[PDB]
Amino acid sequence: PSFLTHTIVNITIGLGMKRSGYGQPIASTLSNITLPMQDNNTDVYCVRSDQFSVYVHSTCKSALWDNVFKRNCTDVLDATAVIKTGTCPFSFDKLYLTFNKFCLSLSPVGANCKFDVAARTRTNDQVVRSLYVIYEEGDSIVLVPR
Amino acid sequence: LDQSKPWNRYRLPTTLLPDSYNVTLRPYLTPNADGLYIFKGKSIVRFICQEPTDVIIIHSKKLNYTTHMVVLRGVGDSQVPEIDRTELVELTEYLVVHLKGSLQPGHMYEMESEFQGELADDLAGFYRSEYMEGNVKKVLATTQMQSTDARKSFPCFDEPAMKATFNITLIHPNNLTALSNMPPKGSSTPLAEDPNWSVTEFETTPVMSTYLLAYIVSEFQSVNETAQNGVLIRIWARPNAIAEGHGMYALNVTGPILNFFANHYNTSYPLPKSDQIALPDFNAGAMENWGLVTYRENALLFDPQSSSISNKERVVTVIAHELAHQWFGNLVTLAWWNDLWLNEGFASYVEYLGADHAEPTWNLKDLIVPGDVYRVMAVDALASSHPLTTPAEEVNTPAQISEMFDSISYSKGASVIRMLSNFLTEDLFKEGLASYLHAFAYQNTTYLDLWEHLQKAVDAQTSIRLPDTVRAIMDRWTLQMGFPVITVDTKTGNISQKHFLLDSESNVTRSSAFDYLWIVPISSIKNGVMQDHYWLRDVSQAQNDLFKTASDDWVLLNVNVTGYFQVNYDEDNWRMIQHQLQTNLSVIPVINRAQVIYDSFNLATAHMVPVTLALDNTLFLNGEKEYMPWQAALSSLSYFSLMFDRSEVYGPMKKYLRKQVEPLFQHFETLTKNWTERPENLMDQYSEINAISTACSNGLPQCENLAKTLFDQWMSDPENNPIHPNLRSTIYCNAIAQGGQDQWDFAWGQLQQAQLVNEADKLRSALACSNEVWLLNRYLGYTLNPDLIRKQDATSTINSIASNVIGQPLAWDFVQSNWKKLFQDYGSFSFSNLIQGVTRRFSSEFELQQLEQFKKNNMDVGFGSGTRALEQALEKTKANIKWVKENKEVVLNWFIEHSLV
Ligand SMILES: *[C@@H]1O[C@H](CO)[C@@H](O[C@@H]2O[C@H](CO)[C@@H](O)[C@H](O)[C@H]2NC(C)=O)[C@H](O)[C@H]1NC(C)=O
Ligand SMILES: *[C@@H]1O[C@H](CO)[C@@H](O[C@@H]2O[C@H](CO)[C@@H](O)[C@H](O)[C@H]2NC(C)=O)[C@H](O)[C@H]1NC(C)=O
Ligand SMILES: *[C@@H]1O[C@H](CO)[C@@H](O)[C@H](O)[C@H]1NC(C)=O
Ligand SMILES: *[C@@H]1O[C@H](CO)[C@@H](O)[C@H](O)[C@H]1NC(C)=O
Ligand SMILES: *[C@@H]1O[C@H](CO)[C@@H](O)[C@H](O)[C@H]1NC(C)=O
Ligand SMILES: *[C@@H]1O[C@H](CO)[C@@H](O)[C@H](O)[C@H]1NC(C)=O
Ligand SMILES: *[C@@H]1O[C@H](CO)[C@@H](O)[C@H](O)[C@H]1NC(C)=O
Ligand SMILES: *[C@@H]1O[C@H](CO)[C@@H](O)[C@H](O)[C@H]1NC(C)=O
Ligand SMILES: *[C@@H]1O[C@H](CO)[C@@H](O)[C@H](O)[C@H]1NC(C)=O
Ligand SMILES: *[C@@H]1O[C@H](CO)[C@@H](O)[C@H](O)[C@H]1NC(C)=O
Ligand SMILES: *[C@@H]1O[C@H](CO)[C@@H](O)[C@H](O)[C@H]1NC(C)=O
Ligand SMILES: [Zn+2]
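Residues numbered from 1 in each chain as written, not as in the entry; some residues may be left out. Chains lettered and ligands numbered in written order. Heavy atoms only, no water.

**Student:** Would you mind going over empty space enclosed by the protein with me for this structure?
**Tutor:** Rolling a probe over the atoms, with the probe sized like a water molecule, indicates the empty space that remains. All names here are of chain B. The volume enclosed by the largest cavity comes to roughly 100 Å³. In this structure, the largest cavity is lined by 13 residues; those nearest its centre are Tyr-10, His-59, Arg-151, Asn-396 and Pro-398. In the lining of the largest cavity, the residues fall into six nonpolar, three polar and four charged. Within this model, the second largest cavity holds a volume of roughly 70 Å³. (1 Å grid on protein atoms, 1.4 Å probe; cavity = no way out; pocket = protein on both sides within 12 Å on 5 of 7 lines; lining within 4 Å. Points joined across faces, edges and corners; volume = space filled by probe spheres on them. Nonpolar A, V, L, I, M, F, W, Y, C, P; charged D, E, K, R; others polar.)

**Student:** I would appreciate a short explanation of the coordination of the zinc ion (ligand 12) in the present structure.
**Tutor:** Tetrahedral coordination by four donors places them ideally at 109.5 degrees to one another around the metal; octahedral coordination by six donors ideally gives 90 or 180 degrees. Residue and element names in this part refer to chain B. Taken together, the protein donors to the zinc ion (ligand 12) comprise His-321 (NE2), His-325 (NE2), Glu-344 (OE) and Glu-344 (OE), at separations of 2.0 Å. One can describe the donor arrangement at the zinc ion (ligand 12) as irregular, given that its four donor atoms subtend angles of 67 to 155 degrees at the metal. Sequence spacing among the residues donating to the zinc ion (ligand 12) works out to H-x3-H-x18-E. Placement of the pair is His-321 in helix 5 (residues 309–324) and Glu-344 in helix 6 (residues 340–358), with a sequence separation of 23 residues. The buried category is assigned to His-321, whose relative accessible area is 5%. Residue classification places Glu-344 among the buried positions, given a relative accessible area of 5%. (Donors = N, O, S within 2.8 Å, 3.2 Å for Na, K, Ca; no water. Tetrahedral: all angles 85-135°; square planar, octahedral: opposite > 155°, others 65-115°. Helix = DSSP H or I, 4+ residues; strand = E, 2+ residues; numbered from the N terminus. Buried < 20%, exposed > 50% of the residue type's maximum accessible area, 1.4 Å probe, protein only.)

**Student:** I'm lost on the sheet that holds strand 24 (residues 484–489) of chain B in this one. Help?
**Tutor:** Sheet strands pair via backbone hydrogen bonds, and the direction of the pair is either parallel or antiparallel. Residue and element names in this part refer to chain B. Spatial strand order, 30-25-24-32: four strands in an open sheet with mixed pairing. Of all the strands in the sheet, just strand 30 (541–543) and strand 32 (566–569) have a single pairing partner and so form its edges. In this sheet, neighbouring strand axes are inclined to one another by 25 degrees on average, regardless of whether the strands run parallel or antiparallel. As paired strands, strand 25 (residues 494–499) and strand 30 are joined by three bridges and run antiparallel to one another. Across the sheet, residue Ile-495 finds its bridge partner in strand 30, namely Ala-542. (Pairing = 2+ DSSP bridges. Axes fitted to C-alpha atoms, helices over the stretch in contact; angles between N-to-C directions.)

**Student:** Explanation requested: the side chain of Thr7(A) in the structure shown.
**Tutor:** Residue and element names in this part refer to chain A. Assignment of secondary structure puts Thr-7 in strand 1 (residues 6–14). Side chain to side chain, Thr-7 and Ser-49 meet in a polar contact 2.3 Å long. In contact with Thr-7, other than residues within four places in its own chain, are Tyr-45, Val-47, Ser-49, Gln-51, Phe-52 and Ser-53. (Polar contact = N/O pair within 3.5 Å; in protein donor to acceptor, adjacent residues only side chain to side chain. Contact = heavy atoms within 4.5 Å.)

**Student:** Quick question: what am I supposed to make of the interface of chain A and chain B here?
**Tutor:** It is common to report an interface's size as the accessible area lost on association of the parts. Of the residues lining the interface, 15 residues belong to chain A; the matching set on chain B comes to 23 residues. Inspection of the chain A/chain B interface yields eight residue pairs in polar contact. Elements represented by at least two residues in the side of chain A that touches chain B include exactly strand 2 (16–19) and strand 3 (25–27) of chain A. Split by residue class, the side of chain A that touches chain B holds six nonpolar, six polar and three charged.

**Student:** Just checking my understanding: could you explain the site of ligand 3 for this structure?
**Tutor:** Residue and element names in this part refer to chain B. Around ligand 3, the surrounding shell consists of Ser-20, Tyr-21, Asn-22, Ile-44, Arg-46, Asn-167 and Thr-204. Separating a nitrogen atom of ligand 3 from a side-chain N or O atom of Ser-20 is a distance of 2.8 Å. Within the complex, the protein chains bury 58% of what would otherwise be the 370 Å² of accessible surface of ligand 3. Of all the secondary structure elements, the ones that give two or more residues to the shell around ligand 3 are strand 1 (16–28) and strand 2 (38–49). When residues of the shell around ligand 3 are assigned to their parent elements, the largest contribution, three residues, is made by strand 1. Counted by class, the shell around ligand 3 contains two nonpolar, four polar and one charged residues. (Near = heavy atom within 4 Å. Areas by Shrake-Rupley, 256 points an atom, 1.4 Å probe, with all protein chains shown as cover.)

Functional significance is not addressed by these values, which are geometric in nature.
Below, the structure written as structure tokens:
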């Protein structure tokens, strides 16, 4: 039985939210989103194994007009990060893609399409940041959901 | 006095000139006998003869010496005559030295003198500033020799012309930090006696002119960077203020600005380092002391966690103005105070230039128009005004020197000089600017010397061209008061020019060479396309096909209002410009969209256009999203919203303004994501501010909603304020108006707890917005209790209550009821800023009777400190009464009509 190498891309989105003027929960675009560290330091990650799985680790903090985020989202403010289907012809949402190259990047620079990381509030999906993906299609590197 | 002897005339004789000073002085920061602060010193001034006389005259102010009085030594070579007496004239602040014998040219002489003076807190000369930190009274020693007041520190030739070199030393408490114009020579050395004192010696300055001198002994610290050229930059503030990046911004931008000016002057920064210190009280905004520039704290420091964007602009544009002086003013100093207008006026223009380089994205440059041009135009448009150039022989007394600091010799100065730099095409202006600097580096100049060097530059070039000489063109603007109103009959193409006063009927008496005519540089635009260019000659009438139109076609003069003049058109072109503004308003540049509003109202005031016309120039605002045009409408409109705000017309007017704003409020609501993220562009932020403020004060539901919801959120959890400093002023001053004592009492609590002056000021004003009569009257009571409100802020608070239409009669009765008690006790109080701001609304024959009475009633106990403020308040009423009886019916009908939907 041949040994394969599987990577779990633990991408962690640190959401940030604040109570609107009308008391609504609106997701700030200042929410951090960090990728697994590689040779460089973050801002870009390239899957360099046989197959990989994508796991999204969502936190959440709130802030006042001072954009400083300490206290955690109590609620109407509580929300968790979702990676919406952006401008790419594929998504993570369970349902077995296969690429010849797959890279996640925070920079829009050198990019194919992008995913929309959004805050899933109660009754609302607000896009916060974008997840750029650099992909070249093939059949060498697989993508296992879950 | 009886002038016939060179010590009864206010000017230093041309007999002897200073070469260099050796100056040592020692500040005692702890009270003395009788509890008196003292500084000691000793100067060695070295002058040079230029013409023989038996008398020596230096400046000296409020200084004791050693009961001879001065020692005179001849630099080796010299023969030293002897000293007869040694008088002191306390009027023309001179130290007079009488001699037995005489002295001749070429030979330099040295004068030694040791002394001491009161280190008072008059914020003048060598002085002390007491500041409360924690709950301790700290005390530091600082300087402020502006105009005079160097004499108040040591005997010297205190005129801006007689530049010299300075060796400075400060003997100070061992652990405090000594600062001056130049870096410290070495490290601070223990004093011979009292080894609890150190001695800090400074490197010799360039050739400056006193009054730029600065020395500071304080407990301060600094943040610093070093620019890629060796120059050291340091921001000095109180130790705590330094802890949090309070001085960070004022360092962030100091470098970039310092570069810009180096380039814009084609001259390198003339000193080793640049210290800017933040003093806590310091009155006069700032001081451009060479190498060590003093700022008031609110002006230099910035707290991102308690300051508005408004506060950021103030910092950048004042560092800019002051660093600007580091070349133009100190490196090349104007000869006398009569030409102050050039110095300050210039820096008042380049403020924006430097500033703009620091914050490229803000578009400062423009702000000069409403913040400076139209501002000064309001005061330059009355017979009371004066011209910038005043003859030197007419400036002598330290008082006359001070009155050289008008808003004219500042804003006009800037406008004038801005227009100059504009019709000579920048690049060319900088060339003359530079040749001027290099030419006169380290020496005095008149304003003619700059006019020359600008010619020297236009003469050396064939590309651009003017009608007459540079000095000829400038004289029209510098030698006579006021400005013209350029009138255009677009049907014919004719053109008029006329002295513009807003009081149609005026006794203009200041006789003028030139007959109030100007050589006017007139840019223009036709259908968005920029026309060629024209010059109005010093002639009343003229013509050109630049200013002629077809059926459907509009012209528009003074683009970006780079021309110190106002344009009026025929009643058809206006209407054409209006229609343009209605549809695609992007065609007309934003500063002109402002101009059309500013001008038409000033015209309406002068009776040159119907009041209704200026009104139609606001109908285009429903599609406007930018600060400047709106700001124009508000400014000019708020006199209406003050004559008619207790009247039958406030109804529709309030309705009309709601109509114009809603779409703007809507835009920002969306653009700002339900008020959760302020726009980025400074001017866009400025717009959101006015957007809301107007929406609320005019009764727009969602705005009132926003304000309430936010305030509720705040009391729901104090000590954690959810309201962005940008919005606080408006949100407070509405939530309180929209609620009862729950909120008022809360705000009052936050007020007393507040320790930052910004907030305090916002709250204090907001508190006056409650529509509850009893709450206002209660607030009026608190007003006279120094335990709760500061007497300095008392008058401010009172008529801030009178601003409230409900509080109007309250404050009026209060003021005229408590008048006795006031004077009789609290009698600096600003007794005049009060009576003005209270009677500010009086516009009925009856209200005049009341005012006339208050005068008669409280007559036996006069008013002083204002009186002309009461008499002049009685004036502004007549004006108001008349303006209302005329304008009411028309204004009413206009607002009524343009409110329907
Ligand atoms: C994004 O991450 C940064 C930290 O890298 C957070 O900013 C810092 O947050 C701490 C408190 O959590 C503050 O004490 C620091 O002063 C902050 N530093 C900066 C650069 O501002 C920020 O809170 C994170 N955003 C979210 C939404 O969690
Ligand atoms: C009038 O002033 C406006 C600003 O209100 C100028 O518009 C800017 O022009 C600069 C160059 O001077 C450009 O770099 C900017 O992109 C423009 N700013 C904005 C926000 O549009 C304009 O140059 C001036 N117009 C004339 C005809 O002199
Ligand atoms: C001040 O110091 C310089 C040396 O740096 C010296 O040349 C000059 O003569 C001094 N001035 C006086 C008044 O001694
Ligand atoms: C002035 O001070 C310098 C050193 O700072 C000293 O060398 C010189 O002797 C002084 N000049 C006079 C006139 O005392
Ligand atoms: C200066 O002399 C006066 C006498 O006129 C004296 O009252 C005062 O204390 C002295 N001032 C200082 C600051 O020493
Ligand atoms: C002022 O500058 C002039 C040159 O314009 C120079 O000749 C003169 O010596 C200077 N006068 C003084 C008092 O410094
Ligand atoms: C600094 O030194 C003086 C005595 O030289 C002392 O009175 C003062 O308290 C000291 N300041 C600090 C902050 O320790
Ligand atoms: C000044 O610039 C630095 C980076 O150069 C930045 O980190 C800091 O936030 C800025 N300071 C302020 C007050 O904006
Ligand atoms: C001033 O700038 C010009 C270029 O515009 C340069 O040639 C010249 O050397 C500069 N002068 C100085 C003193 O740096
Ligand atoms: C409106 O005018 C501006 C220039 O003034 C132009 O850029 C824009 O395309 C025009 N918009 C429309 C809708 O015609
Ligand atoms: C912003 O406020 C409006 C009006 O209250 C609302 O319709 C909209 O949903 C809000 N936007 C959000 C919640 O992001
Ligand atoms: Zn200045």
